[PDB]
Amino acid sequence: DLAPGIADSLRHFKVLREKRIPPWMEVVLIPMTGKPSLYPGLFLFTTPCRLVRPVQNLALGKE
Amino acid sequence: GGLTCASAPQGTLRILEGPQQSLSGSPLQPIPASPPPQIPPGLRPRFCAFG
């Protein structure tokens, strides 16, 4: 019950360039249900070879 | 005079620091939507027949 808020807080840091979260960290939160969905858990990638793309973040308008 | 195990704790407190959510405004774009291509005013014909 803290994973959603943590993911949203981390996404707000990267968007507003707060803390030291790299502007390009991927905060992923693969939810867990009872179904055979992808393995659950909060990943956070910041490695130097991933592909990224810009999108206008609504609720903040901060790209 | 040594250290002995004492009574089991009755509870646990876990502290974390968290900020809150603002209002939903959803300001999608500076100049928004795909603005349509359109007619230059008046224009005028730039060609005539012979005769």
# chains A, B, ... in the order shown; residues from 1 in each chain; ligands from 1
call {"tool": "interface_residues", "arguments": {"of": "chain A", "to": "chain B", "cutoff": "9 Å", "atoms": "only C-alpha atoms", "output": "PyMOL selection string"}}
result
chain A and resi 5-6+9+56-61
call {"tool": "write_last_selection", "arguments": {"atoms": "C-alpha atoms", "output": "mmCIF file, in the first residue's frame"}}
result
data_model
loop_
_atom_site.group_PDB
_atom_site.id
_atom_site.type_symbol
_atom_site.label_atom_id
_atom_site.label_comp_id
_atom_site.auth_asym_id
_atom_site.auth_seq_id
_atom_site.Cartn_x
_atom_site.Cartn_y
_atom_site.Cartn_z
ATOM 1 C CA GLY A 5 2.673 6.583 -3.615
ATOM 2 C CA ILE A 6 6.382 5.813 -3.802
ATOM 3 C CA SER A 9 6.712 10.551 -5.645
ATOM 4 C CA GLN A 56 3.917 15.925 -21.911
ATOM 5 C CA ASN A 57 3.301 14.946 -18.281
ATOM 6 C CA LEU A 58 -0.249 16.034 -17.530
ATOM 7 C CA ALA A 59 -1.062 17.245 -14.014
ATOM 8 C CA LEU A 60 2.357 18.913 -14.147
ATOM 9 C CA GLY A 61 2.899 19.978 -17.778
#
call {"tool": "select_by_dssp", "arguments": {"residues": "chain A", "states": "helix (DSSP H, G or I)", "output": "PyMOL selection string"}}
result
chain A and resi 3-16
call {"tool": "write_last_selection", "arguments": {"atoms": "N, CA and C atoms", "output": "PDB file, in the first residue's frame"}}
result
ATOM      1  N   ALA A   3       3.622   1.288  -2.362  1.00  0.00           N
ATOM      2  CA  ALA A   3       4.285   1.215  -3.656  1.00  0.00           C
ATOM      3  C   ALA A   3       3.739   2.258  -4.623  1.00  0.00           C
ATOM      4  N   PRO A   4       2.415   2.423  -4.716  1.00  0.00           N
ATOM      5  CA  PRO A   4       1.883   3.459  -5.617  1.00  0.00           C
ATOM      6  C   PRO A   4       2.356   4.860  -5.271  1.00  0.00           C
ATOM      7  N   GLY A   5       2.214   5.263  -4.010  1.00  0.00           N
ATOM      8  CA  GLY A   5       2.673   6.583  -3.615  1.00  0.00           C
ATOM      9  C   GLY A   5       4.162   6.767  -3.824  1.00  0.00           C
ATOM     10  N   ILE A   6       4.943   5.713  -3.596  1.00  0.00           N
ATOM     11  CA  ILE A   6       6.382   5.813  -3.802  1.00  0.00           C
ATOM     12  C   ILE A   6       6.697   6.014  -5.277  1.00  0.00           C
ATOM     13  N   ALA A   7       6.021   5.274  -6.155  1.00  0.00           N
ATOM     14  CA  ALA A   7       6.262   5.434  -7.584  1.00  0.00           C
ATOM     15  C   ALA A   7       5.864   6.829  -8.048  1.00  0.00           C
ATOM     16  N   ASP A   8       4.744   7.347  -7.539  1.00  0.00           N
ATOM     17  CA  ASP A   8       4.323   8.681  -7.955  1.00  0.00           C
ATOM     18  C   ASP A   8       5.263   9.756  -7.422  1.00  0.00           C
ATOM     19  N   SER A   9       5.750   9.600  -6.191  1.00  0.00           N
ATOM     20  CA  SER A   9       6.712  10.551  -5.645  1.00  0.00           C
ATOM     21  C   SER A   9       8.006  10.538  -6.447  1.00  0.00           C
ATOM     22  N   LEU A  10       8.502   9.345  -6.777  1.00  0.00           N
ATOM     23  CA  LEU A  10       9.722   9.256  -7.567  1.00  0.00           C
ATOM     24  C   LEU A  10       9.529   9.837  -8.959  1.00  0.00           C
ATOM     25  N   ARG A  11       8.343   9.669  -9.547  1.00  0.00           N
ATOM     26  CA  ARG A  11       8.100  10.254 -10.860  1.00  0.00           C
ATOM     27  C   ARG A  11       8.029  11.773 -10.782  1.00  0.00           C
ATOM     28  N   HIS A  12       7.450  12.310  -9.708  1.00  0.00           N
ATOM     29  CA  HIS A  12       7.440  13.761  -9.541  1.00  0.00           C
ATOM     30  C   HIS A  12       8.850  14.305  -9.353  1.00  0.00           C
ATOM     31  N   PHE A  13       9.733  13.638  -8.607  1.00  0.00           N
ATOM     32  CA  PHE A  13      11.154  14.077  -8.474  1.00  0.00           C
ATOM     33  C   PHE A  13      11.815  14.148  -9.839  1.00  0.00           C
ATOM     34  N   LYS A  14      11.742  13.114 -10.659  1.00  0.00           N
ATOM     35  CA  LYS A  14      12.468  13.120 -11.950  1.00  0.00           C
ATOM     36  C   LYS A  14      11.927  14.228 -12.836  1.00  0.00           C
ATOM     37  N   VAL A  15      10.616  14.444 -12.846  1.00  0.00           N
ATOM     38  CA  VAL A  15       9.998  15.492 -13.713  1.00  0.00           C
ATOM     39  C   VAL A  15      10.454  16.885 -13.282  1.00  0.00           C
ATOM     40  N   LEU A  16      10.456  17.183 -11.988  1.00  0.00           N
ATOM     41  CA  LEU A  16      10.758  18.549 -11.505  1.00  0.00           C
ATOM     42  C   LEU A  16      12.248  18.680 -11.220  1.00  0.00           C
TER      43      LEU A  16
END
call {"tool": "atom_distance", "arguments": {"atom1": "CA of residue 50 (chain A)", "atom2": "CA of residue 28 (chain A)"}}
result
13.6 Å
call {"tool": "residues_around", "arguments": {"residues": "residue 46 (chain A)", "least_positions_apart": "6", "cutoff": "10 Å", "atoms": "only C-alpha atoms", "output": "number ranges by chain"}}
result
A: 21-27
call {"tool": "residues_around", "arguments": {"residues": "residue 29 (chain A)", "least_positions_apart": "2", "cutoff": "6 Å", "atoms": "only C-alpha atoms", "output": "list in words"}}
result
residues 31, 41 and 42 of chain A
call {"tool": "write_last_selection", "arguments": {"atoms": "N, CA and C atoms", "output": "mmCIF file, in the first residue's frame"}}
result
data_model
loop_
_atom_site.group_PDB
_atom_site.id
_atom_site.type_symbol
_atom_site.label_atom_id
_atom_site.label_comp_id
_atom_site.auth_asym_id
_atom_site.auth_seq_id
_atom_site.Cartn_x
_atom_site.Cartn_y
_atom_site.Cartn_z
ATOM 1 N N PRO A 31 2.151 -4.053 -11.203
ATOM 2 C CA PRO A 31 1.263 -4.429 -10.101
ATOM 3 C C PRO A 31 1.120 -5.937 -10.004
ATOM 4 N N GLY A 41 6.532 -6.067 -8.672
ATOM 5 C CA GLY A 41 7.678 -5.405 -8.030
ATOM 6 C C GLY A 41 7.978 -4.032 -8.553
ATOM 7 N N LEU A 42 8.648 -3.176 -7.773
ATOM 8 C CA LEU A 42 8.976 -1.782 -8.179
ATOM 9 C C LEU A 42 10.376 -1.683 -8.746
#
call {"tool": "atom_distance", "arguments": {"atom1": "CA of residue 18 (chain A)", "atom2": "CA of residue 47 (chain A)"}}
result
18.9 Å
call {"tool": "atom_distance", "arguments": {"atom1": "CA of residue 45 (chain A)", "atom2": "CA of residue 17 (chain B)"}}
result
22.5 Å
